[PDB]
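> enclosed are the sequence and the experimentally obtained structure.
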Amino acid sequence: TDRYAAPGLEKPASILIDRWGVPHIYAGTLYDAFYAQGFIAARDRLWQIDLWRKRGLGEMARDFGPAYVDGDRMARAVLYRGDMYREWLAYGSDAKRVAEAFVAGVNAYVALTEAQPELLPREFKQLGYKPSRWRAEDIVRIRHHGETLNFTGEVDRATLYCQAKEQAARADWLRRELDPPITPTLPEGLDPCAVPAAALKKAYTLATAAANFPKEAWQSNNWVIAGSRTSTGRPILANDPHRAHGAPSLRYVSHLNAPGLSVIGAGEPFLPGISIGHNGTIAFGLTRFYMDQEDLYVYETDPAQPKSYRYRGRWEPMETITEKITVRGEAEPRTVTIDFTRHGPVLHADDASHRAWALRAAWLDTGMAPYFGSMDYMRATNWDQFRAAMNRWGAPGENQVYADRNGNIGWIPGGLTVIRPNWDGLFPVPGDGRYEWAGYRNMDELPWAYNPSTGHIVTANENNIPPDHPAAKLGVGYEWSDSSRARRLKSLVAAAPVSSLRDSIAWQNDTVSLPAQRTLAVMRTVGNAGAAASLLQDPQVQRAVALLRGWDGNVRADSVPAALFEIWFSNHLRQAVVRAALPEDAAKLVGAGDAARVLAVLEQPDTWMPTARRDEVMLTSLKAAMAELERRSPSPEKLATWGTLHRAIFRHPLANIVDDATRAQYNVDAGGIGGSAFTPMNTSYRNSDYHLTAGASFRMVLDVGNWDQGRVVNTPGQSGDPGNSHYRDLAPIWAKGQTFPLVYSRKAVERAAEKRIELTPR
Ligand SMILES: [Ca+2]
Ligand SMILES: [Cl-]
């Protein structure tokens, strides 16, 4: 039992950490609960939360040196700079006191690491610096880690239209699925060749990428099921968000108890509160809903004054801010400037062509600190209060599923939603006033559902705006995720008239790939005719065909056909289809293109290429995939299974700049894993070596109303301290598709407690 002084804490508080590393906080005041959460989040994740803050405020170079200056400048270009009075009120009514209590608890732990250097996280010693003190405003001013779009897609679409000319619409059709499948129209007044992709992406990456430590510088699914369809008779609510994997993990599980507060679940460890989980009356989980929140604005600048741009027939001056960037090893801070138009920060300027480009990012406006709208539903007790809280949900765009212990279930999407009167938001626009956001939509303009006749709701990042609903015409967004996971889960959930918690856990682990099944179906139609017939004479081609013939499209870790297919579908087939459908230079820009759109061509190639050419492309690329699989196997006769290639290594940010012995302790190797980006058990990978990069780390399946029966997992662990056994103890549970209890009642928490922490006001 540890006992710590707690300056700023109002009343004594206790923390019971259970055997799986989940902290259970018991405070005597509402706001004391958030003090303890900040203290406990620092205890487990101080380096991580300090790193997020350092990156967000543009303070990296202060300790990491001159290579980080450009990233610090761009980070400050995308901090919230609006009115703070409005900002605090955007999230609910007491967000400022919550944030103030939280950072006081963080700062208490920081002070403790100065008093007791054995408590300082290893990474600080590894890099030669110390944790910083926090201010409440830091919590809401940092924005750039929020999931968002579509600045990058606008640049890519414009670049393709500039390069592909008359083939642009066909090439863009293969590059990116739109839903609904509208025809993009170049905005009047846009020259798509006046969009320098490399410079813009570089500036955008410097402004938004997570903290990175390169060698050079150092040399989702959710668903809710009504009780009439569950084995318990109570609702079941499940959620597994799909995000970057790493050690430590993106999210952290915790439990807050105080007078007026009883919430348990997950969130990013630097944010106060809980955004996925339940409060003993309602439960909630989320998946991305893609309202378009970024537009690239293109300006003409005055030749006599490059800091002025044309706006409504007048030269309008940019606002220029000066920032001081402290650099390790330099006595004076660097003085840098950042220019802003009336629409946002200038990412790039070209005085040769008298042009500038600014990011018009809705996430720089009030209320867009990611997930912090949960302030207003952590204490909601019914649907009216949950729907009300979602009225002010800012970022990221999300589908919320809802259930309560009275048996109700529901769905409401939310997020700051831009009105574009005269463009679709799919291309950059002239910034001279012809294209202006008309305001934001009220959330009651979006569809929603409450106790639907079906008795179940599934969302999985697909466009779920009903085509006959008025919102289908409002330009909410046209760029959604591949819909395979949604279709697969919708099939499974509708096909089970009675299902249990065990069944929902299994669905989160489902590895059937609808792209695989559809590709297999196309293969059965390949004609033994034209050049394809000769290719079927290749022993290597016939070897691959044999593997696929006896496969059901289940992307299992122990499956050799699955390995062949994932190699083929990611690195061979689609690039070959695109190259056979487009001129060479548009094909190079499109690459593997959009899986859904390429699948459509494979199934109906008529207007793209002769069916015989389709067949030839499939078998030629399949041969190359088989060659690669053999190349990657122990021998060409003992072939690698998918799991042999698809390694689940949770990588630490410093892995590439430390030695082998140190890397082995920072990284967490969980072995081989099944699945792909397109299976409900999402295990997206990088194409170089098929290693895991993204998917569900935190997973949750709740018995809504019998709370102690809830199940969760996280990975690789609850602790961010490599010397703590909770750093890596959850990864095997996750690797087996298993869970541990989400204990909630006082008796269950006591039964599960392994350590007690006592905080005393001082
Ligand atoms: Ca846009
Ligand atoms: Cl557009």
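Nice, I can see it. Numbering: from 1, shown residues only. Ligands and ions are numbered 1, 2, ... in the order given.

> ok, now how distant is whichever residue of the stretch 1-150 of the chain sits closest to ligand 1 from residue 176?
Using C-beta to the ion, the closest approach of the stretch 1-150 of the chain to ligand 1 is made by residue 150 at 4.7 Å. All C-beta atoms are positioned from the backbone trio N, CA, C, and that covers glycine. According to C-beta to C-beta, to the nearest Å, residue 150 stands 9 Å off from residue 176.

> give me the common contacts of these two.
Common neighbours of residue 150 and residue 176, using C-beta atoms under 8 Å, 6 or more residues apart in numbering, are residue 479.

> just give me the neighbour total for the residue in the stretch 1-150 of the chain positioned nearest to ligand 2.
Closest to ligand 2 within the stretch 1-150 of the chain is residue 150: 10.2 Å, counting by C-beta to the ion. As a burial measure, residue 150 scores 21 neighbours (other C-beta atoms under 10 Å).

> same check on residue 181?
9.

> one more: residue 462?
21.

> that one contacts residue 220, correct?
No. Between residue 462 and residue 220 there is no contact under C-beta atoms under 8 Å: 11.1 Å.

> quick one: the residue in the stretch 551-700 of the chain positioned nearest to ligand 1 and residue 607, what's the gap?
Nearest residue of the stretch 551-700 of the chain to ligand 1: residue 594, at 17.5 Å (C-beta to the ion). Residue 594 sits 17 Å away from residue 607, taking C-beta to C-beta as the criterion.

> and those two? Which one has more around it.
When neighbours are counted by other C-beta under 10 Å, residue 594 comes out ahead of the other of residue 594 and residue 607, with 20 against 8.

> list the contacts for that one?
Under the criterion of C-beta under 8 Å, 6+ apart, the contact list for residue 594 reads 174, 175, 176, 177, 482.

> phi, psi of the residue lying closest to the third one once chain neighbours are set aside?
Leaving aside its sequence neighbours, residue 176 sits nearest to residue 594 (C-beta to C-beta, 6 or more residues apart in numbering; 5.2 Å). Geometry field for residue 594 lists phi and psi as phi -90, psi 130, criterion degrees, to the nearest 10.

> with the one 3 residues further on instead?
Residue 597 has phi and psi values of phi -70, psi -40 when expressed as degrees, to the nearest 10.

> circling back to that earlier point, now intersect the contacts of residue 594 with the helices, please.
Members of the contacts of residue 594 lying in helices (criterion: DSSP state H): 174, 175.

> count the neighbours of the residue nearest to residue 328 when sequence neighbours are not counted for me.
Leaving aside its sequence neighbours, residue 328 sits nearest to residue 65 (C-beta to C-beta, 6+ apart; 4.9 Å). Neighbourhood size, residue 65 [other C-beta under 10 Å]: 15.

> next one: residue 346
Quick note: residue 346 (other C-beta under 10 Å) scores 24 neighbours.

> again with residue 245
24.

> now residue 144
Residue 144 has 21 nearby residues by other C-beta under 10 Å.

> next one: residue 331
Residue 331 has 6 nearby residues by other C-beta under 10 Å.

> repeat that for residue 661.
Other residues close to residue 661 by other C-beta under 10 Å number 7.

> element containing it, please.
For residue 661, the host element (DSSP states H and E) is helix 660-666.

> how far out from the middle of the chain is that helix?
Here the centre of helix 660-666 is set off from its chain's centre by 27 Å, with C-alpha atoms, centre = their mean, to the nearest Å.

> show me what that helix is packed against.
Here helix 660-666 touches no other helix or strand, going by 3 or more C-beta pairs under 8 Å, 6 or more residues apart in numbering; DSSP states H and E.

> please name the residues that touch the residue nearest to residue 328.
Here residue 65 is in contact with 217, 327, 328, 329 (criterion: C-beta under 8 Å, 6+ apart).

> torsion angles phi and psi at it?
phi 100, psi -180.

> on that earlier part again, now the residue of the stretch 1-150 of the chain closest to ligand 2. Its backbone dihedrals?
With angles defined as degrees, to the nearest 10, residue 150 sits at phi -130, psi 50.

> residues near the residue of the stretch 351-500 of the chain found nearest ligand 1, how many?
Nearest residue of the stretch 351-500 of the chain to ligand 1: residue 425, at 3.5 Å (C-beta to the ion). Using other C-beta under 10 Å as the criterion, residue 425 is surrounded by 26 other residues.

> what's the closest non-adjacent residue to it?
residue 292 (4.2 Å).

> doesn't residue 195 fall inside a strand?
No. Judged by DSSP: H, G, I helix; E, B strand; the rest coil, residue 195 forms no part of a strand; its state is coil.

> pick out the residue closest to the middle of this protein.
The chain has residue 243 as the residue nearest its centroid, 4.2 Å off, counting by C-alpha atoms, centre = their mean.

> which residues touch it?
Taking C-beta under 8 Å, 6+ apart as the contact definition, residue 243 lies against 220, 250, 251, 694, 695, 697.

> which one is residue 542 nearest to, not counting chain neighbours?
Take residue 542 and drop its neighbours on the chain: the residue closest to it by C-beta to C-beta, 6+ apart is residue 536, 6.6 Å away.

> now that neighbour: how far from ligand 2?
Distance of residue 536 to ligand 2, given as C-beta to the ion, to the nearest Å: 45 Å.

> and for that residue, the neighbour number?
Neighbour tally, residue 536, other C-beta under 10 Å: 15.

> and what of the one 3 residues further on?
Neighbour count for residue 539, taken as other C-beta under 10 Å: 7.

> give the contact list for it.
If you count contacts by C-beta under 8 Å, 6+ apart, then residue 539 has nothing around it.

> how much space between it and ligand 2?
Applying C-beta to the ion, the value for residue 539 to ligand 2 is 51 Å.

> distance check, that residue against residue 636.
On the measure of C-beta to C-beta, residue 539 and residue 636 end up 11 Å apart.

> quick one on the thing from earlier: could I get the contacts of residue 243 as JSON lines with neighbour count?
Output for these, formatted as JSON lines (neighbours: other C-beta atoms under 10 Å):
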{"residue": "220", "neighbour count": "23"}
{"residue": "250", "neighbour count": "20"}
{"residue": "251", "neighbour count": "20"}
{"residue": "694", "neighbour count": "17"}
{"residue": "695", "neighbour count": "25"}
{"residue": "697", "neighbour count": "25"}
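
> relative to residue 444, which of those is nearest.
Of all those, residue 220 has the smallest distance to residue 444: 24.1 Å, by C-beta to C-beta.

> list the contacts for the closest one?
239, 240, 241, 242, 243, 286, 287, 288, 460, 461, 682, 696.

> measure it to residue 478 for me?
19 Å.

> same thing with residue 537?
Distance from residue 537 to residue 478, by C-beta to C-beta: 45 Å.

> check residue 401 too.
From residue 401 to residue 478 the distance is 23 Å (C-beta to C-beta).

> next one: residue 86
Counting by C-beta to C-beta - residue 86 and residue 478 are separated by 30 Å.

> more neighbours: which of these two?
residue 478 (21 against 11).

> helix, strand, or coil at the nearest residue to residue 82 once chain neighbours are set aside?
In space, and not counting its chain neighbours, residue 82 is closest to residue 366: 5.3 Å by C-beta to C-beta, 6+ apart. Under three-state DSSP, residue 366 falls in the coil class.

> isn't residue 366 up against residue 85?
No. Residue 366 is not in contact with residue 85 according to C-beta under 8 Å; the separation is 9.7 Å.

> what residues are shared contacts of these two?
Joint contacts of residue 366 and residue 85 (C-beta under 8 Å, 6+ apart) do not exist.

> okay, the two: which has more neighbours?
Ranked by neighbour count (other C-beta under 10 Å), residue 366 and residue 85 place residue 366 first, with 19 against 9.

> which residues touch residue 744?
255, 264, 280, 707, 708, 710.

> for whichever strand or helix holds residue 96, which residues meet the burial criterion?
If you go by DSSP H and E, residue 96 is part of helix 95-115. Residues 95-96, 98-110, 112-113 are the ones in helix 95-115 that count as buried (16 or more other C-beta atoms under 10 Å).
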